[PDB]
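Take a look at the structure below.
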Amino acid sequence: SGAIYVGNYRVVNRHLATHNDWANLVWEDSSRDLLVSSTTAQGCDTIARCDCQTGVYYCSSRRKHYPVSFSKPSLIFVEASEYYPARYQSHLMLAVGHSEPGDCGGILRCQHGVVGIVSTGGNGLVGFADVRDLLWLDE
Ligand SMILES: NC(=O)[C@H]1CCCN(C(=O)Cc2cc(F)ccc2Cl)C1
Ligand SMILES: [Zn+2]
């Protein structure tokens, strides 16, 4: 669980979106595992606009933050689940680091701000759905 709040936006993993997020939909993309919904109050997260490859993510299964090097956003094959058939998930960045199914929603961030959220993982790897290209979150 976990979301990014930037202005009147709520960014969540599309597979964990609620009835409320779908009834207030702005944008959603199954290929990225992302869903953005409208909120009434103001959100104060800063989104990073950069090409950083180092940062810190929160791992809720360990109740700890961890520093990682992560790859550049790309199309990576993701094993079938109860939410999706087997497919390439776009805009994904991988890191060596601990991850568990309930860790989805944990924020990844660099000195510039929010980079993305935990979306995939397994075998000592952790995958993050990137949000730095979503320029419209700012405006
Ligand atoms: N983005 C997706 O399609 C997700 C949907 C939920 C399932 N999923 C995972 O990777 C689950 C997972 C397994 C594991 F061994 C360690 C961490 C995680 Cl996040 C793919
Ligand atoms: Zn950065």
Side-chain angles (χ1 to χ4, degrees):
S1 43
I4 316 172
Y5 294 99
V6 45
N8 295 328
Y9 294 132
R10 172 162 129 107
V11 184
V12 274
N13 295 90
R14 197 200 180 257
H15 72 263
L16 293 176
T18 65
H19 301 288
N20 212 37
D21 287 315
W22 275 101
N24 291 309
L25 175 66
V26 171
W27 170 72
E28 55 80 23
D29 191 334
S30 312
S31 85
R32 300 176 64 151
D33 184 42
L34 284 187
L35 186 143
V36 178
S37 60
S38 63
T39 77
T40 52
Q42 214 78 38
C44 285
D45 296 351
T46 286
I47 313 293
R49 296 309 175 194
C50 66
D51 73 345
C52 273
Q53 282 199 247
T54 88
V56 172
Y57 81 103
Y58 177 69
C59 178
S60 82
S61 56
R62 293 277 177 274
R63 291 194 201 146
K64 260 203 167 98
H65 300 260
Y66 289 113
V68 284
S69 301
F70 52 88
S71 68
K72 290 200 167 160
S74 78
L75 273 154
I76 291 146
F77 205 85
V78 179
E79 159 87 72
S81 71
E82 46 170 348
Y83 309 107
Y84 300 104
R87 85 225 199 280
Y88 289 117
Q89 166 163 329
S90 62
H91 299 264
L92 192 60
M93 303 171 300
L94 282 174
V96 167
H98 180 73
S99 180
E100 263 171 70
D103 285 326
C104 289
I107 276 162
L108 165 64
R109 62 181 308 135
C110 62
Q111 65 189 95
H112 303 128
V114 177
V115 177
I117 55 157
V118 173
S119 175
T120 72
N123 300 313
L125 295 168
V126 54
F128 314 100
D130 180 55
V131 309
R132 302 176 279 181
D133 65 313
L134 306 181
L135 310 199
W136 61 263
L137 288 180
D138 292 338
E139 56 235 19

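The chain is numbered in sequence order, starting from 1. For the numbers below, each heavy atom of this structure counts, side chains included, while hydrogens, waters and symmetry mates do not. Start at 1 and go down the list; that is how both ligands and their atoms are numbered.
Distances from ligand 1 to the non-hydrogen atoms of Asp103 include no value under 4.0 Å. Ligand 1 lies nowhere less than 4.0 angstrom from a heavy atom belonging to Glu82.
Around atom 8 (N) of ligand 1, the closest heavy atom drawn from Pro101, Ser119, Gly121 belongs to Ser119. Comparing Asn123, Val78, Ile76 against atom 20 (C) of ligand 1, the shortest heavy-atom distance belongs to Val78.
The OG atom of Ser71 lies 10.0 Å from the CG atom of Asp130; values are rounded to the nearest 0.5 Å. Between the CZ atom of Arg10 and the CG atom of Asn24 there is a distance of 10.0 Å, given to the nearest 0.5 Å. In this structure, CE on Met93 lies 10.0 Å from OG on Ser119, to the nearest 0.5 angstrom. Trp27 CH2 to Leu25 CG: the interatomic distance, rounded to the nearest 0.5 Å, is 10.5 Å. Between atom CG of residue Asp45 and atom CG of residue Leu137 there is a gap of 10.5 Å, rounded to the nearest 0.5 Å.
Looking at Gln42, its side chain never comes within 3.5 Å of a backbone N or O of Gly7 through a donor-acceptor pair.
Geometry at the Zn ion (ligand 2): SG/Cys50 and ND1/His112 form an angle of 110°, nearest 10 degrees. Rounded to 10°, the angle formed at the Zn ion (ligand 2) by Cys52 SG and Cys110 SG is 110°.
Neither side chain, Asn13 nor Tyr83, offers a donor N or O lying under 3.5 Å from an acceptor on the other. Inspection of the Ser31 and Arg87 side chains reveals no N or O donor paired with an N or O acceptor under 3.5 Å.
Closest protein heavy atom to atom 9 (C) of ligand 1: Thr120 CA, 4.3 Å. Nearest protein neighbour of atom 7 (C) of ligand 1, counting heavy atoms only, is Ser81 CB, 4.2 Å. In this structure, the protein non-hydrogen atom closest to atom 15 (F) of ligand 1 is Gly122 CA, 3.4 Å.
For ligand 1, the atoms sitting less than 4.0 Å from at least one non-hydrogen atom of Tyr83 are 6 (C), numbered in the order shown with element in parentheses. The atoms of ligand 1 that sit less than 4.0 Å from any heavy atom of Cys104 are 19 (Cl). Listed by atom number, the atoms of ligand 1 under 4.0 Å from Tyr84 heavy atoms are 3 (O).
Contacts of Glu100 with ligand 1, taken as heavy-atom pairs under 4.0 Å, involve the backbone alone.
Of all heavy-atom pairs spanning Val96 and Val68, the tightest one is O-CG1, 3.6 Å.
Across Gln89, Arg14, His15, a single residue satisfies side chain to side chain donor-acceptor pair (under 3.5 Å) together with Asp33, and that is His15.
Note: an N/O pair closer than 3.5 Å links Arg87 and ligand 1 by distance alone. Every N/O-N/O distance between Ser99 and ligand 1 stays at or above 3.5 Å.
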